[PDB]
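In the form deposited in one PDB entry, a lone chain appears below as structure tokens.
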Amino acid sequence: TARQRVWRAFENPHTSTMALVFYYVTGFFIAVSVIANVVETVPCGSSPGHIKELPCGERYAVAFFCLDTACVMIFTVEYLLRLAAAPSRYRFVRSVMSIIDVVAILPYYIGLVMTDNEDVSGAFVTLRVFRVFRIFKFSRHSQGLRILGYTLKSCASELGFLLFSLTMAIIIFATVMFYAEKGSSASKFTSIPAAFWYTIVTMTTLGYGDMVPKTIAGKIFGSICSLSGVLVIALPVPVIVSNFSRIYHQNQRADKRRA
């Protein structure tokens, strides 16, 4: 019953006090790792002796590395405890939580095994990006988040086809804007993929203003694009809200069945 006791402790933390305190320690270390990742990029100061303003992750590289390795050790010990104390280890490994944990902890091990090629450029940037995934471990630390996830999975097809319609609208508007605006002086509409940016910024009603039409036809089609974006701000809400509310009522009915 040891393995099942440990798995019961992990899966439902509130069942015990030791399990719940280990849960809170794990959540605290997740927050520490996220805050350290965010903070290590802040330029701390001039650091006299160096002209460039070094980030906190380079002026204090050893301290941040110690914090990161403590967090990664905690995460990997937790992962090994979960995997070795699961009713079905393969089912655990294939699960979304497990792959998130592995892809969160694994960049640290690549950085360890790339210590010989310390002059790596670009790949380590992708590894540090993938280190953002440690925030997703807060999914175990919420309940409405899983409700939203189930709602999204139930709206996967509808939202996918809505995105497909949005994509064809993007292509149409980008084509017309590129052809209407390719002739302007020093125009940013240098291609249709270049007008993808303008179209996606216009139909979301951002309007950064870096790419704006400068021709009469371009302005007319930009106005049509804006009006289409007004409807874009209302096309996903009905399906999403209706599906979420249906799930809400169904969950309440399940609760009353259990009661």
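Residue numbers here begin at 1 and follow the sequence given.
FYI, the form deposited in another entry isn't displayed, but the following is about it.
Peer 1: Using the two-rigid-part description of the chain between the shown form and the other one, establish whether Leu152 and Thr167 are assigned together.
Peer 2: Same part, no.
Peer 1: Given that the distance between the C-alpha atoms of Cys71 and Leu145 changes by 3 Å or more in the other form, do they end up closer or farther than here?
Peer 2: Those two alpha carbons end up farther apart in the other form.
Peer 1: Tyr150 and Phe92: do their C-alpha atoms lie closer or farther in the other form than in the form you see, with a change of 3 Å or more?
Peer 2: Farther apart, which means the C-alphas of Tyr150 and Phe92 are at least 3 Å more distant in the other form.
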